[PDB]
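Colleague: based on what follows, work out the 3D shape:
(chains A, B, C, D and E, ligands or ions: 38)
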Amino acid sequence: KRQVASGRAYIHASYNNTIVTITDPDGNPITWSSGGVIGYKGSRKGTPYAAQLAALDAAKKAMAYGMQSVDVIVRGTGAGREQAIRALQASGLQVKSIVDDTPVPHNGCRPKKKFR
Amino acid sequence: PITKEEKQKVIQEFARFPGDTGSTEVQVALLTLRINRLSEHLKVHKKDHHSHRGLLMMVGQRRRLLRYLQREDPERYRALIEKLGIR
Amino acid sequence: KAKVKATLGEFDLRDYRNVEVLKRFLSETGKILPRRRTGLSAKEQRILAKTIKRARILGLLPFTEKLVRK
Amino acid sequence: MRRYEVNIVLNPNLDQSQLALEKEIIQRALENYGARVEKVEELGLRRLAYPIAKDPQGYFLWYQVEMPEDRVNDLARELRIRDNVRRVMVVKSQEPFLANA
RNA sequence: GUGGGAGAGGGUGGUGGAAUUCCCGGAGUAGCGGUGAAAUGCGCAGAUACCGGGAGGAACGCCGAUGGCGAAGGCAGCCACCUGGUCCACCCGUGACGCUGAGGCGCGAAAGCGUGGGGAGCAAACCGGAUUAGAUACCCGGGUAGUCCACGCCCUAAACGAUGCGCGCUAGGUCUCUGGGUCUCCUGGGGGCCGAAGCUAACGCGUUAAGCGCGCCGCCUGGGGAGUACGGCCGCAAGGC
Ligand SMILES: [Mg+2]
Ligand SMILES: [Mg+2]
Ligand SMILES: [Mg+2]
Ligand SMILES: [Mg+2]
Ligand SMILES: [Mg+2]
Ligand SMILES: [Mg+2]
Ligand SMILES: [Mg+2]
Ligand SMILES: [Mg+2]
Ligand SMILES: [Mg+2]
Ligand SMILES: [Mg+2]
Ligand SMILES: [Mg+2]
Ligand SMILES: [Mg+2]
Ligand SMILES: [Mg+2]
Ligand SMILES: [Mg+2]
Ligand SMILES: [Mg+2]
Ligand SMILES: [Mg+2]
Ligand SMILES: [Mg+2]
Ligand SMILES: [Mg+2]
Ligand SMILES: [Mg+2]
Ligand SMILES: [Mg+2]
Ligand SMILES: [Mg+2]
Ligand SMILES: [Mg+2]
Ligand SMILES: [Mg+2]
Ligand SMILES: [Mg+2]
Ligand SMILES: [Mg+2]
Ligand SMILES: [Mg+2]
Ligand SMILES: [Mg+2]
Ligand SMILES: [Mg+2]
Ligand SMILES: [Mg+2]
Ligand SMILES: [Mg+2]
Ligand SMILES: [Mg+2]
Ligand SMILES: [Mg+2]
Ligand SMILES: [Mg+2]
Ligand SMILES: [Mg+2]
Ligand SMILES: [Mg+2]
Ligand SMILES: [Mg+2]
Ligand SMILES: [Mg+2]
Ligand SMILES: [Mg+2]
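Modeller: Residues are numbered from 1 along each chain as shown, chains lettered A, B, ... in the order given. Ligands and ions are numbered 1, 2, ... in the order given. Dropping the coordinates below:
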């Protein structure tokens, strides 16, 4: 109901899940999917298969609003971070560019015990 | 800090003769000025401890030269102290 | 690969305002290059780091950038 | 008196009525603090590397002065007062260290 | 003395961007999160993910090093003021003014205590979920003191180079920081590695000595009992010598 036909796609890939959002050139989202949106429930969500299907569910949802051109943004390291990208190029959506914007602090906040 | 303009003014005042830069009277005069520059810096900045250590070494060196002047020629020792207002 | 000092002129290492040359010493991201890639000496790199940080506060050099690849 | 360098960046949206006022204000502030101006370089519109005050550009000024050292921080406090003034960086002057000479 | 030099040395004020949390708005559905798997937890009062704006505290990515500074503890954004130590060149001045150092005095990570602030993240105790034969734990979700600041106490440590300080002497090679020089190099002062002689029980040390000497302080005399008891000094207490 929007007819954007171009916009951005953010890939938030962690070790426990990979989730995909699709937005318009201004940043406001259109549709989205994840490993849990599709049937997977537990640790199967952070798998490259789940990352692939999650990328393709959001891609077909963006076809409804008429998306053709896509700029890709990637945040985080995790299994299926690359499988989500590869699934996005062959999703029919012509991928315009691919950027890695993973936030790295300047050593400002104390991590949890797990991360030290 | 302590510029060479102020530095030469002191050395020429306490020199035993023109051209004297190393007399015992000269070193004590020079030491005593840096003492007063630091002792006023430590009235404020009371929590500056690493600079406080440098002051203890200057006092020790000043009291070392004065204890020496006492032994050799006690007159120039009195003329020096009275001129600097010490002890 | 060539190094930065190797392909350059006679420049002021202390000038924080010359972005055209200081852009050479930044990576694809806003990061400061290591000595292996700048070809600078020990005393030179320490001066460059402080002058790059100066330009960053004047809005002339970036703190960080975005990698367009992968 | 030591010799310093003043970097001033302000909002690059001013007309001439506001630009002359802001700069003649900077003149008045240096007068009150005893800044003997040795030379001036005005760059003006320059593309910034990141947004400052939501604005992608900045109007740059550079002054080289000789003033008493004790009054430097109070002078910096006086310049940041103006709303249009955004960046104020005062650096003690140094020798032009050359490399690849 | 003169003239130069490097530096997270210290104190004070100021200041910059990234990120976390929280708030406001836009947009947007059904889960996020987390683990070896999970569950408590959070989510339709609309979270997670995305864009914008705002507040607050704490810590400084790359540079960054096997690096530098300091007596030790220890010191990393940037700017300015105050400021300490140290090193090199000149061979100018004083003319043994030196070394160590029982007491004393000052400093002394973290944790802990007092008064008042501050409180984002982290997180003893504690509240839960799991694991398990049991879980008073490792793993997961929350969370107070505290970590941060000001002022005053506390004086402990694997406070480590497990090597007290100063000086003289005794092959070199190589890497390096920083000065000077007639700048393949020479010459100082630091920081590493191999190694002559020699020392050492051996591992290993070896011009930064654990070698050869000299001066002075500290300390040791089998283990458990025990850094305990008593006494004393100190401390608000914990507790310390
Ligand atoms: Mg998972
Ligand atoms: Mg302002
Ligand atoms: Mg400092
Ligand atoms: Mg400081
Ligand atoms: Mg909201
Ligand atoms: Mg519920
Ligand atoms: Mg609910
Ligand atoms: Mg509820
Ligand atoms: Mg708050
Ligand atoms: Mg590092
Ligand atoms: Mg050292
Ligand atoms: Mg100094
Ligand atoms: Mg002589
Ligand atoms: Mg003589
Ligand atoms: Mg001594
Ligand atoms: Mg003692
Ligand atoms: Mg203490
Ligand atoms: Mg503490
Ligand atoms: Mg307290
Ligand atoms: Mg937590
Ligand atoms: Mg916990
Ligand atoms: Mg068991
Ligand atoms: Mg149980
Ligand atoms: Mg809370
Ligand atoms: Mg001995
Ligand atoms: Mg040279
Ligand atoms: Mg050496
Ligand atoms: Mg042998
Ligand atoms: Mg060896
Ligand atoms: Mg020796
Ligand atoms: Mg032995
Ligand atoms: Mg004993
Ligand atoms: Mg016994
Ligand atoms: Mg004990
Ligand atoms: Mg008794
Ligand atoms: Mg007792
Ligand atoms: Mg008592
Ligand atoms: Mg105890």
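
Colleague: quick one: contacts of the longest helix seen in chain D?
Modeller: The single longest helix within chain D, with elements called by DSSP state H, is helix D:16-33. Helix D:16-33 is contacted from outside by D:8, D:10, D:14, D:37, D:59, D:61, D:63, D:65, D:67, D:71, D:74-75, D:78-79, D:82, D:84-85, using C-beta atoms under 8 Å, 6 or more residues apart in numbering or on different chains. Every C-beta, even on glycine, is put in place using the N, C-alpha and C of the backbone.

Colleague: just those: which are in helices?
Modeller: Checking those against DSSP H, those in helices are D:74-75, D:78-79.

Colleague: so who does the residue of chain A found nearest chain C touch?
Modeller: Scanning chain A for the residue nearest chain C gives residue A:100, at 4.7 Å (criterion: C-beta to the nearest C-beta). Residues near residue A:100 by C-beta under 8 Å, 6+ apart: A:74-75, C:66-67, C:69-70.

Colleague: and which of those is nearest to ligand 1?
Modeller: Nearest to ligand 1 among these, counting by C-beta to the ion, is residue A:75 at 17.0 Å.

Colleague: tell me if I'm right that that closest one and residue A:99 touch.
Modeller: No: under the criterion of C-beta atoms under 8 Å, residue A:75 is not in contact with residue A:99, lying 9.8 Å apart.

Colleague: any common contacting residues for these two?
Modeller: Counting by C-beta under 8 Å, 6+ apart, residue A:75 and residue A:99 have no contacts in common.

Colleague: name the nearest residue to the closest residue to ligand 1 within chain D, ignoring sequence neighbours.
Modeller: When scored by C-beta to the ion, chain D has residue D:50 as its residue closest to ligand 1, at 35.7 Å. Distance criterion C-beta to C-beta, 6 or more residues apart in numbering or on different chains; nearest residue to residue D:50, sequence neighbours excluded, is residue C:62 at 5.8 Å.

Colleague: ok, that neighbour - how many residues close by?
Modeller: Around residue C:62 there are 17 other residues, counting by other C-beta atoms under 10 Å in any protein chain shown.

Colleague: now, of the contacts of helix D:16-33, which are buried?
Modeller: D:8, D:10, D:59, D:61, D:63, D:65, D:67, D:75, D:78-79, D:82, D:84-85 (16 or more other C-beta atoms under 10 Å in any protein chain shown).

Colleague: export the residues you listed to JSON lines and tack on distance to RNA strand E?
Modeller: JSON lines is the format used below for the buried ones among the contacts of helix D:16-33 (distance: C-beta to the nearest atom of the strand, whole Å):
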{"residue": "D:8", "distance to RNA strand E": "13"}
{"residue": "D:10", "distance to RNA strand E": "13"}
{"residue": "D:59", "distance to RNA strand E": "16"}
{"residue": "D:61", "distance to RNA strand E": "16"}
{"residue": "D:63", "distance to RNA strand E": "14"}
{"residue": "D:65", "distance to RNA strand E": "12"}
{"residue": "D:67", "distance to RNA strand E": "10"}
{"residue": "D:75", "distance to RNA strand E": "9"}
{"residue": "D:78", "distance to RNA strand E": "11"}
{"residue": "D:79", "distance to RNA strand E": "10"}
{"residue": "D:82", "distance to RNA strand E": "13"}
{"residue": "D:84", "distance to RNA strand E": "14"}
{"residue": "D:85", "distance to RNA strand E": "10"}
